Amino acid sequence: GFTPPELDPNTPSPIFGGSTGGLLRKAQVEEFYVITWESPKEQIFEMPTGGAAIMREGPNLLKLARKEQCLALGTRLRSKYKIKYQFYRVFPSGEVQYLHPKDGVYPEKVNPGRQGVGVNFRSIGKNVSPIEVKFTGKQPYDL
Amino acid sequence: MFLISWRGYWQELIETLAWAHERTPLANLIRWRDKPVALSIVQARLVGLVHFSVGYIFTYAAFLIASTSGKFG
Amino acid sequence: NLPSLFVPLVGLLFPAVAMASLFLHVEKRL
Amino acid sequence: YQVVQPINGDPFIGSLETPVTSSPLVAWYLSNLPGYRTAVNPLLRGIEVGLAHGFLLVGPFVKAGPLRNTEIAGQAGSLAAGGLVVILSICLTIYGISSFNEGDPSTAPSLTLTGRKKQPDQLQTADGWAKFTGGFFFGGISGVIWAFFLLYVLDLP
Amino acid sequence: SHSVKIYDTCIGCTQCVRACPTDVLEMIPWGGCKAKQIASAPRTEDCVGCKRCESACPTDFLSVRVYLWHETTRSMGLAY
Amino acid sequence: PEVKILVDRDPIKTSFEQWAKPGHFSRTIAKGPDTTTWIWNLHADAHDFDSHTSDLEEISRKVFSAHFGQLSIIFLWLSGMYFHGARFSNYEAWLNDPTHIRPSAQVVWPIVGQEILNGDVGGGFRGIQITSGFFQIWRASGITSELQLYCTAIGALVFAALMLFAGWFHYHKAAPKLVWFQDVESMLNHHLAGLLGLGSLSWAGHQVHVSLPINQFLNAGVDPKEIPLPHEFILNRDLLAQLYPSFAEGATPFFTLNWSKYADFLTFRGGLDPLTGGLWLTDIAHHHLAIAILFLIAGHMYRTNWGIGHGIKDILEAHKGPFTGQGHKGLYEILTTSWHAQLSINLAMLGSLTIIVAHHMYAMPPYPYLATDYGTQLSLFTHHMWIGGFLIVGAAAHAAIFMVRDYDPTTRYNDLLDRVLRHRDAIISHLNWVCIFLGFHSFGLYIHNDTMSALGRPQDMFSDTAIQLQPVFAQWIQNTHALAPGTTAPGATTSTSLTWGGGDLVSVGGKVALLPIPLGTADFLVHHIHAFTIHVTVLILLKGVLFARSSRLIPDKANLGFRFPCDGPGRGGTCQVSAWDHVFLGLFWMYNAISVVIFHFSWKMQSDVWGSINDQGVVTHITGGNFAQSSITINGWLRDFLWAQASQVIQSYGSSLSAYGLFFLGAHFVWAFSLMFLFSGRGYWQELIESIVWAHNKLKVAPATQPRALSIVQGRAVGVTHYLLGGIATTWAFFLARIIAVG
Amino acid sequence: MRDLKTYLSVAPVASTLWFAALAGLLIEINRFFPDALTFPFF
Amino acid sequence: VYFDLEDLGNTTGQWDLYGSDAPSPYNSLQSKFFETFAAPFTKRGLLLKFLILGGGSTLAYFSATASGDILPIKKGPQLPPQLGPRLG
Ligand code: CLA
Ligand code: CLA
Ligand code: CLA
Ligand code: CLA
Ligand code: CLA
Ligand code: CLA
Ligand SMILES: CC1=C(C/C=C(\C)CCC[C@H](C)CCC[C@H](C)CCCC(C)C)C(=O)c2ccccc2C1=O
Ligand SMILES: CC1=C(C/C=C(\C)CCC[C@H](C)CCC[C@H](C)CCCC(C)C)C(=O)c2ccccc2C1=O
């Protein structure tokens, strides 16, 4: 059993002067994302949207527009520096959805609490010909 | 252009244009109801082929008829 | 005299009505 | 000391504050254009925008059109400007039909640059945009008529 | 969203999950191969279709398959 | 802190063992080929030194020896040029009648009928007419006999040997140290004063002792064999005084500051010498003296070991304002660490300099009888334009390379670059809008004129006779230039160039050399087309540079490298997102710009300048002044330029110009050949090679090196290479045939 | 020495030497027997 | 604060940068003039029909009643017809 950390607002954000690669109307009406990490000290890190920012010492919160921007920054936070990170999704209603690391374990490490999704139990070349799924809403790989 | 230049260049260019529109006064009162994206890769091949073929047919039809009917013989 | 009525009716009025009506149908929601 | 600052103090919103964006002259001038008078009946704002644009459009059509040197009918080239106002009033009309629905509220921001709550501009409403198109058309054709009304004692008539 | 499928030819090298740039793949326990683990795609709503996972699969033929399907805001990679 | 000589001894052993191991420099390539792709990678990464290792010192020593090898090859090339001028040329015949003889320095062997290319060039010579202009240079320098060209070729061969030996020496023996390369102040000091200053001074010394007197004797009509040898002007100064009297003093006015005496051979008269058509040689020698003094002074700005002088670090750090933050602080550490940054800067500047050379050499002919050799002038202009354009595209490429590989804000930060990155979106969007506006308001005018001329409405066009768009600014500027001598330039006797000053038409040997160039609506439209094409090229290249690291579509693009095909069909499609593909497209657009530039040059010169002058002063140009009315139309460019002037190249068969007729079509062929690569992708070709491999394996004749279709990046590289080669060679054949026939 | 001979056996150098010898041979053949649209010796 | 899960309009910058929100500078009488004379034009559906039909009929009038002094297409050819390469 794992319990995802709730998103704490008023968490410090890295020092940055501002760039044009930030949020747009998509964040206002569609969705946006927020990545959080701890960090040991004040450092400089390249932003996935623009230039460089000063990572504050202690808890850090950074809001981005896409999920891929969060995982890319997190991967660099885990490689160059040695920092654990989580990120969530935020709908315009105020609701927050925990994303990664889902189990609290990184997805590249096997974890016993995980269920199979979209796992076909045959060789890839054992799919059927498209005629056998014609006039149906099926695909030869959905099965 | 559609056959030599490919998509990813034009997608990043359209992103820089979407930012421009959202940050321009007066015009930002007008909102697009379909998100601007670059033409699909297959769509680009089709559009480039159609321009190629239309130019092919029209260029030769113009030369054919003008060089023949200009003399009529 | 008839071209002076139908040429604008198909090159100006018809594409105007056609493009506007197709715009409304394409952008319509349910 | 630096001149460029993040947009309203937030660095992670995709914009910046510069003398072109955030300056007292620019902020006041844009806040006093009829499109940014978020508390005025959109019919009147349309009248002003229509009057200004209909008046401006007459110049290029008359001085650059085909009948420009045939002074017998070149002054009537304002009809082309009036026709464009008609076309633009269609573009304006068909825009609101697709953008806003009858019962839909306003899509404009309901906030202020300082955080306080605000009443959204009724221009992003179906009936508000309808009044703006009607105002732009009325001011538009009036701008074209008033521009063509003047013709003499000007260095480029 | 794009469809992603994992076939039982997977050997459990966890390479598709490392290359994925939007955290779509997972490693679940399994009994078929030696590493006791197989891949699964529980979050294809975030899948962009880069096929960076297929570029990293050592199985012949592939064990990850990305079938590009209905485009969404998430699958098109839009920040706007 | 103390600038000094620093080298290492025997860092790399001289042996053929690594010759026999292909791909030794790379760790993945050294294992040999498993598939054919290996063979291509070995050539693609042959000069990527900073990817073979990460040690800056090894990289710098490799770069030093590569420079020495390039200098060796250039000296070998010059040796070949001077040797062909001495052994297989008619330079002595061109020296007696420069206005009728065609310069030629290549004679072909008679094997398969190619001796037809040995055309009648005059002076009893059958050969290939040359447009490089070496005859004009050798005449300006004072060379007369074939023996002097022989000796120059031998000296160039010796210098090529010296450069090759030095390249071996400073890599295998005494190989310099990193700090030695990084002594930027000392290096700039020696390049400003030692290289450029002393070089200009040496050339001014030659010009005042050999060029001026021998050229006076050549202008007077003295037979070149009856002309005294150059060194005879260094022994008996009576010979120098009989031509230039001030040489009778003996460096006394120079030391006493009576320099007003030297105005006999150091003048500021400007314009052209009406006998040769080139700039006054006295003015050129005076110029080189002034350039020598200026550079000898400028080579003292940067401190080294004696306290006095500047440190570039301080000058950079001191330049920061309220808009750019702490700008320029950090640039000294960047430009002393990254080779690619220096390469980008220097490629940009050298290419723009080559373009400036192309303009200045046509508007101010420096060599005698150059202005009337229309083939040589056109070829020089076009060649320098292409060199500059390519070099600027390379500047863009290496800027992007630096961005991907040498940029790191956590180690070598700079505020200016970070601020640029923080609004790349605004920059690119504004450049995009400017490009759209220029495309409409230049080419759209051409479409307007075409549609008005086709509809029988020549008064509704944009023309000098209808809606006029006069370039008032450029006209006023050239007028201000015309009136400058005697007013805002009292020392100047005539105009800076002949294209400025009204009147003063210089002609040589029945052909015109230069005259005031008209500027009308056509010039306006073409200049705006040039601005638009330059802007679109800049947009492509700069957008590739700024978005090399990250974008909203791919936030980790820097990890994918500088040169990668795509990042998958997802996100809608990510083809050609790498900065390399941006250089790939900027190549096409640089071609599209430079081609219009050189076509403008060709038509303008053949319409409003070049031509034949009467005895009474009636000048008829090569084309009958058709530039004002015909070039304001796309159909005019198609008909009155291409269709009309391609006649010479499509009629050259059976003459000495038939090689140009062959190259015309061959370049058409390779240009269309590129379209197979540019329009297709490697998957189809691999699937075809699969069946071909089946056919081979059926007959026990399939190679171990498994055939593989070209990579995506290689597909684009081959495509753009063949496209550029075909287009440029087509224009080359067309230009050369046209200008050698009608010249 | 053995390494130098191994370099001379690489594909481009072997191709140049082979094609140079081939080019020279065909040149001398068309030098002693120029033109010739047919096989005249029957 | 700048990140507040309560109000996301302030969090995501959904502000009115150049909105004045001030009362009307247009005085009365003038506004009532335009609000009564531009009143029937503010029904977007009716305006759409009025623009299309009115503009189309206006275009049809000025095109059907064109003049040869204004359009060369109505003036027709004034010169005798030419002779083809072989035919009429
Ligand atoms: C597919 C057959 C066809 C084609 C290619 C054309 C083409 C043309 N016609 Mg023509 N026309 C047609 C059939 C056709 N017509 C028929 C069947 C009639 C009735 C006998 C007419 C009566 C007519 C008149 C009176 C005039 C033209 C004119 C013209 C020319 C100007 C364009 C125009 O005014 O649009 C065509 C206008 C129409 C009223 C024709 C449309 C009505 C018929 C029944 C077609 C049905 C249209 C339908 C709503 C949509 C069709 C679907 C799709 C196939 C387009 C143009 C070259 C004008 C001219 O001479 O130019 C100088 C003009 O004065 N046409
Ligand atoms: C295919 C149909 C079509 C038709 C019938 C016309 C017809 C015309 N064009 Mg046009 N054009 C077309 C296609 C067409 N065009 C396309 C596809 C393009 C893009 C390449 C252009 C680009 C173009 C340009 C750039 C210009 C024209 C101009 C003209 C006018 C020149 C003749 C004149 O002097 O009349 C009379 C001249 C007048 C100024 C009187 C105007 C006529 C009244 C005002 C029309 C009223 C409009 C009406 C209220 C609403 C119309 C829209 C409605 C159906 C929704 C003429 C009426 C010229 C022009 O308009 O002059 C300024 C000109 O400048 N055209
Ligand atoms: C002028 C342009 C051009 C040319 C020359 C070719 C030529 C060719 N195409 Mg291609 N194609 C083109 C344009 C062109 N294409 C375009 C625009 C497209 C659309 C994308 C295609 C799409 C296409 C497809 C899909 C296919 C081809 C195929 C082929 C090959 C057919 C086999 C053949 O005919 O024998 C040879 C014909 C030649 C013209 C070869 C000429 C070159 C000779 C060998 C020069 C000799 C070398 C000589 C020593 C020079 C020295 C060079 C030095 C620097 C080393 C052939 C080499 C088919 C194929 O692969 O065949 C199996 C194939 O399936 N083409
Ligand atoms: C007055 C001193 C001097 C002179 C004349 C030169 C001249 C030159 N340098 Mg150099 N340099 C100098 C000092 C000097 N340097 C100093 C103090 C430093 C820092 C320690 C550097 C560091 C440096 C680097 C890193 C590079 C050069 C390069 C070059 C060549 C540039 C290419 C060119 O312009 O082609 C023009 C060709 C000529 C002008 C022909 C004349 C060449 C003569 C024979 C060389 C004599 C100058 C030499 C320094 C004297 C010592 C040699 C002696 C021991 C035998 C050029 C020949 C580039 C290079 O290596 O090119 C191969 C390059 O990469 N220089
Ligand atoms: C002083 C100028 C200069 C220098 C030192 C470099 C140096 C470098 N460049 Mg660069 N570049 C330059 C100018 C320069 N470039 C210019 C002017 C352009 C614009 C075209 C470019 C565009 C460019 C690109 C796009 C790339 C580089 C790359 C590189 C690196 C690898 C080079 C290599 O091994 O390729 C190997 C060389 C070859 C495989 C030869 C290719 C054959 C050519 C292209 C066609 C030959 C045609 C010939 C001229 C005439 C036809 C003859 C034929 C019929 C026989 C290297 C450090 C590459 C890199 O990886 O960056 C790190 C990279 O991809 N450059
Ligand atoms: C003849 C072929 C062609 C044409 C017309 C264009 C045109 C254009 N290119 Mg392109 N390109 C081409 C080939 C071509 N390219 C090829 C082969 C390549 C591969 C190397 C590229 C690669 C390339 C790149 C990488 C880029 C462009 C860009 C652009 C745009 C520059 C902005 C501009 O000039 O606005 C003006 C528009 C024009 C000049 C087109 C003609 C417009 C006419 C005159 C107006 C007619 C309007 C008329 C009323 C239409 C209404 C009719 C209606 C009835 C339908 C422009 C539209 C740049 C861009 O995106 O813009 C910033 C850019 O980034 N091109
Ligand atoms: C220019 C370009 C774009 C950008 C092009 C775009 C975004 C299309 C813009 C079209 C505008 C709306 C004008 C089109 C005008 C048409 C003539 C209208 C036809 C509509 C109906 C008649 C069907 C790509 O997206 C692309 C993708 C892949 C390879 C090459 C390219 C490419 O070259
Ligand atoms: C034709 C084509 C190919 C096929 C092109 C190939 C395979 C080039 C290689 C052909 C040469 C001739 C093979 C090399 C042969 C060796 C030199 C050995 C020859 C022996 C002697 C004659 C020297 C691609 O790989 C490709 C990839 C991406 C986009 C477009 C294309 C594309 O259009």
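Structure shown above.
Residues numbered from 1 in each chain as written, not as in the entry; some residues may be left out. Chains lettered and ligands numbered in written order. Part of a larger assembly, values for the part shown. Heavy atoms only, no water.

## Side note on the overall build of chain D
And step 1. Summing up its helical and strand segments, chain D has 4 helices and 2 strands in all.
And step 2. When the helices and strands of chain D are listed from N to C terminus, the series reads β-β-α-α-α-α.
And step 3. Its C-alpha atoms give chain D a radius of gyration of 20 Å, clearly above 15 Å, the size a compact globule of 157 residues would have.
And step 4. Over its C-alpha atoms, taken along the principal directions, chain D stretches across nearly 60 × 50 × 25 Å.
And step 5. Partitioning the intrachain contacts of chain D with sequence separation of at least 6 by distance along the chain shows that 55% fall at a separation of at least 24.
And step 6. Each charge class in chain D can be summarised by its mean position, and for the 8 positive and 9 negative side chains these summaries are 4 Å apart. (Helix = DSSP H or I, 4+ residues; strand = E, 2+ residues; numbered from the N terminus. Rg over C-alpha atoms; globule rule 2.2 N^0.38 Å. Contact = heavy atoms within 4.5 Å. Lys, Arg positive; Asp, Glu negative; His and termini not counted. Charge placed at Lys NZ, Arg CZ, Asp CG, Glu CD.)

## Examining the interface of chain B and chain E
And step 1. Across the contact, 8 residues belong to chain B and 5 residues belong to chain E.
And step 2. Taking both sides of the interface into account, the surface hidden between chain B and chain E amounts to around 550 Å²; carbon and sulfur atoms contribute 58%.
And step 3. Linking chain B with chain E are 0 salt bridges, by the criterion used here.
And step 4. For the pair chain B and chain E, the number of links is 4 residue pairs in polar contact.
And step 5. Partitioned by chemical class, the residues of the side of chain B that touches chain E number 4 nonpolar, 1 polar and 3 charged. (Buried area = accessible area lost by both parts, 1.4 Å probe. Salt bridge = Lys/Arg side-chain N within 4 Å of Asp/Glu carboxyl O. Polar contact = N/O pair within 3.5 Å; in protein donor to acceptor, adjacent residues only side chain to side chain. Nonpolar A, V, L, I, M, F, W, Y, C, P; charged D, E, K, R; others polar.)

## Digging into helix 26 (residues 682-698) of chain F
And step 1. A rise of 1.5 Å per residue sets the reference length of helix 26 of chain F, with its 17 residues, at 24 Å; its end C-alpha atoms lie 24 Å apart and thus fit the reference within 8%.
And step 2. Among the residues trailing helix 26 of chain F, F:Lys700 stands out with phi positive, at a value near 55 degrees. (Expected span 1.5 Å × (residues − 1).)

## A look at the pairing of strand 6 (residues 96-100) of chain A
Residue and element names in this part refer to chain A.
And step 1. Relative to strand 6, strand 5 (residues 85-90) runs antiparallel, the two being bridged by 4 bridges. Looking across to strand 6, one finds that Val90 is bridged to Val96.
And step 2. Connecting strand 5 to the antiparallel partner strand 6 that follows it, the hairpin turn spans 5 residues, and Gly94 within it adopts a positive phi of roughly 105 degrees. (Pairing = 2+ DSSP bridges.)

## Focus on the interface of chain D and chain H
And step 1. Listed as interface residues are 49 residues of chain D and, on the opposing side, 35 residues of chain H.
And step 2. For the pair chain D and chain H, the summed buried surface comes to about 3,800 Å²; carbon and sulfur atoms form 70% of the total.
And step 3. Contact with chain H buries surface across chain D, with D:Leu44, D:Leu111 and D:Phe138 losing the most and accounting together for 15% of the total.
And step 4. Across the chain D-chain H interface, the total number found is 2 salt bridges.
And step 5. Counting every contact that joins chain D to chain H gives 8 residue pairs in polar contact.

## Comments concerning the arrangement of the chains
And step 1. In this assembly 16 pairs of chains touch, with chains D and H having more contacts than any other pair.
And step 2. Over all C-alpha pairs, chain C and chain G never come within contact, reaching a minimum spacing of 61 Å.
And step 3. The least C-alpha distance between chain E and chain H, which are not in contact, is 13 Å.

## Quick word on the site of ligand 1
And step 1. As a structural note, the neighbourhood of ligand 1 is formed by C:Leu2, C:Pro3, C:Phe6, C:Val7 and C:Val10.
And step 2. Considering only residue class, the shell around ligand 1 consists of 5 nonpolar, no polar and no charged. (Near = heavy atom within 4 Å.)

## With respect to the site of ligand 3
Residue and element names in this part refer to chain F.
And step 1. Every residue near ligand 3 is listed here: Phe669, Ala672, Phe673, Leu675, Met676, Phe679, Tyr684, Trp685 and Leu688.
And step 2. Separating an oxygen atom of ligand 3 from a side-chain N or O atom of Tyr684 is a distance of 2.3 Å.
And step 3. Residue assignment for the shell around ligand 3 shows that the elements contributing at least two residues are helix 25 (658-678) and helix 26.
And step 4. Per element, the largest residue contribution to the shell around ligand 3 is 5 residues, and it comes from helix 25.
And step 5. Per-class residue counts for the shell around ligand 3 are 9 nonpolar, no polar and no charged.

## Observations concerning the state of the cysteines
And step 1. In this structure the tally under the stated criterion is 0 disulfides over all chains.
And step 2. Left unpaired, E:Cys16 is separated from the closest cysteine sulfur, that of E:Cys10, by 6.2 Å.
And step 3. With a relative accessible area of 9%, E:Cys16 lands in the buried category.
And step 4. Not part of a disulfide, F:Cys566 finds its nearest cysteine sulfur in F:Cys575, a span of 5.9 Å. (Disulfide = S-S within 2.5 Å. Buried < 20%, exposed > 50% of the residue type's maximum accessible area, 1.4 Å probe, protein only.)

## Quick word on a nonpolar patch on the surface
Residue and element names in this part refer to chain G.
And step 1. Taken together, the side chains of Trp18, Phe19, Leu22, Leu25, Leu26, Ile29, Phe32, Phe33, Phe39 and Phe41 present a nonpolar region at the surface, about 1,200 Å² in accessible area.
And step 2. Structurally, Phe32 can be placed in helix 2 (residues 11-32).
And step 3. For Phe32, a relative accessible area of 52% corresponds to the exposed category. (Patch = residues over 30% accessible without salt bridge, like charges linked within 9 Å, V, L, I, M, F, W, Y side chains within 5 Å. Areas by Shrake-Rupley, 256 points an atom, 1.4 Å probe, with all protein chains shown as cover.)

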